[PDB]
Amino acid sequence: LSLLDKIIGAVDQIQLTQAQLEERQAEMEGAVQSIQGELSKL
Amino acid sequence: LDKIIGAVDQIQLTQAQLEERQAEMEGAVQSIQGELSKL
Amino acid sequence: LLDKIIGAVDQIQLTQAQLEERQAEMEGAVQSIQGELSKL
Amino acid sequence: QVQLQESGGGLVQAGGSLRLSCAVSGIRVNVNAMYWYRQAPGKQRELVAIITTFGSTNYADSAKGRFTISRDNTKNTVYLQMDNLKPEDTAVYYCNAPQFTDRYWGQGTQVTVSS
Amino acid sequence: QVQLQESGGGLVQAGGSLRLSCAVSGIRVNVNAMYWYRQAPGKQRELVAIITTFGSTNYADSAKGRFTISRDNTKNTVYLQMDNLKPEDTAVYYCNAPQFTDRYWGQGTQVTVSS
Amino acid sequence: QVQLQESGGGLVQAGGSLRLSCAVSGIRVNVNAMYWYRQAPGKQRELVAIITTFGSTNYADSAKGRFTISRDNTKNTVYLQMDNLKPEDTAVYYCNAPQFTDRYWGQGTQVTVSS
């Protein structure tokens, strides 16, 4: 297992993790907007 | 290679911190959602 | 291969700063809601 | 600038298949992770599939084994193969890189699935 | 699949020490950052410690210098040394990689600390 | 420890320019992405600019082409050039690395812009 193999696998882990963190943010941003709409309605 | 390694290391540390912040905030949002949904 | 690694790293660092900014924006919004639900 | 030219959508029957294309300029797809999204009318944009720089893939739960993301490095083009389509997949599909989702979106390609 | 086999928990006195182990299959611990979590009854899962691919570590504030995460690359195993344990550390402890926390969790190892 | 020594602030007229400096010790600025933040009185800390390990840059919308982040690798120092300053830029400006923002902040450098 070379140093380059380690770097590649770290990078791969990171890109996979970033997409999941983004998805979680999008799910939560929808939830906050739903709460904001509930508190803002007439 | 030293630069790549140090960039990668910074990134993995940052991802764990961003995750922890999300979990803390996800708890806060769930607490608010429960407040607004209770009978 | 090194160009691929570098460009991947660069993409990642840019994305991390944006994800942080989104979190900070949302943390203010949640705190604003929390203040609304906690006020006297 | 980054250019995103989505194509390959259309009208398809349920159980049918599509292959979407996004021709990219201004960044290399073999250097950057690339994402496909979809947006149904009046709903939030949903992440559908991702391919990393070194070729790992992941899919939204709604894909459930039906979608395959791939790329051609020479054509600098990202593909989404979509099998066994369902009416619930009707949406505009968009390709992007994560660093530009705050910045620019292409026109997308309309996919309409009918029974 | 990825396998996570947690061990090393048990019943320990306050001020005591434990060393948890997680034996991993299907990914290399010297290529991937690895995380330890804990979950007390009825509470949210808490991140406890992380070790990066190149061996940097970070700890939750609740660890406050008592815990040490490490790994053995040959055994493909991650360890959590926990010193000066307190009743508040009672929880189920889980090891995972960040890309799989949405996907799979092992059985964990029960840690109970009594005075 | 990491040391952050911000300088280059002061009192400046609208339309004027500043060049902030942060002298860093304990991490290499040519290895780590580095961030500039600002905080106006009673407001939340706002990210202003970032420079990646390999020298790519991005700016907050409030910068709108006025700010330029750069570094000197030998002096291990990060700079923020600020042109066409406006009263709304009055804040304390801080430099940090993303992995330490939960951990330590320097004193910052006060920037005050008057008409």
Of everything in segment D:56-111, what is assigned to a strand (DSSP E or B), buried (at least 16 other Cβ atoms within 10 Å of the Cβ) and without any contact (Cβ under 8 Å) to a residue 40 or more places away in the chain? Give them in sequence order. D:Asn58, D:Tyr59, D:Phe67, D:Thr68, D:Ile69
If I filter segment F:94-105 for residues that are in contact with a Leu (Cβ under 6 Å, 6 or more places away or on another chain) and over 14 Å from F:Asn32 (Cα atoms), do I get at least one hit? no
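Would you check if there is a residue in segment F:18-31 being in a loop (DSSP other than H, G, I, E, B), away from chain B (no Cβ under 14 Å) and either small (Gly, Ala, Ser) or in contact (Cβ under 8 Å) with a residue 40 or more places away in the chain (or both)?
No, because not a single residue in segment F:18-31 is in a loop (DSSP other than H, G, I, E, B), away from chain B (no Cβ under 14 Å) and either small (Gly, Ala, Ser) or in contact (Cβ under 8 Å) with a residue 40 or more places away in the chain (or both).
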Could you list, in sequence order, the residues of segment E:68-93 that are touching a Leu at 6+ places or on another chain (Cβ under 6 Å) and under 25 Å from E:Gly42 (Cα atoms)? E:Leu80, E:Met82, E:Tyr93
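Applying the selection to segment A:1-19, what residues are among the small types (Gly, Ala, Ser) and surrounded by 13 or more Cβ atoms within 10 Å (Cβ to Cβ)?
The answer is A:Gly9, A:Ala10, A:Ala19.
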Residues in segment E:99-106: is at least one at negative phi and in contact with a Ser or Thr (Cβ under 7 Å, 6 or more places away or on another chain)? yes
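Results for (1) under 11 Å from the mean Cα position of the chain (by Cα); (2) more than 13 Å from E:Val48 (Cβ to Cβ), shown as yes or no for each residue.
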| residue | (1), (2) |
| --- | --- |
| E:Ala60 | no, no |
| E:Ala63 | no, no |
| E:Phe67 | yes, no |
| E:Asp72 | no, yes |
| E:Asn84 | no, yes |
| E:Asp89 | no, no |
| E:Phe100 | no, yes |
| E:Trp105 | no, yes |
| E:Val113 | no, yes |
So D:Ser114 clears everything in (1) of a type in the set (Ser, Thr, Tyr); (2) more than 16 Å from D:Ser7 (Cα to Cα); (3) crowded, with 19+ Cβ neighbours inside 10 Å; (4) touching a residue at least 60 places away in the same chain (Cβ under 8 Å) except one condition, right? Which one? (3)
Counted residues in segment F:41-54 being in contact with a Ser or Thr (Cβ under 9 Å, 6 or more places away or on another chain) and not aliphatic (A, V, I, L, M) come to 3
So is A:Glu22 more than 9 Å from chain E (Cβ to nearest Cβ), in contact with a helix residue (DSSP H, G or I) (Cβ under 9 Å, 6 or more places away or on another chain) and buried (at least 18 other Cβ atoms within 10 Å of the Cβ) or not? yes
Looking at segment D:1-58 only, could you name the residues that are in contact with a strand residue (DSSP E or B) (Cβ under 8 Å, 6 or more places away or on another chain), over 16 Å from D:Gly106 (Cα atoms) and small (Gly, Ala, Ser)? D:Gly10, D:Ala14, D:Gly16, D:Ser17, D:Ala33, D:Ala49
Could you tell me which numbered condition F:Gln5 fails, if it satisfies all but one of (1) farther than 22 Å from B:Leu13 by Cα; (2) surrounded by 14 or more Cβ atoms within 10 Å (Cβ to Cβ); (3) within 14 Å of chain B (Cβ to nearest Cβ)? (3)
Search segment E:32-55 for residues being farther than 30 Å from A:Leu1 by Cα and part of a strand (DSSP E or B), and hand back the single one that is nearest to the other protein chains (Cβ to nearest Cβ). E:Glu46
Which one of D:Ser21, D:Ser56, D:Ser62 is in contact with a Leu (Cβ under 8 Å, 6 or more places away or on another chain) and of a type in the set (S, T, N, Q)? D:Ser56
Flag if D:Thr53 is crowded, with 21+ Cβ neighbours inside 10 Å and more than 12 Å from the chain's Cα centre (by Cα): yes
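Since every read-out is calculated from the coordinates, none of them should be taken as a lab result. Neighbour counts are summed over all protein chains in view; Cβ atoms, including those assigned to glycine, are modelled from backbone coordinates with ideal geometry.
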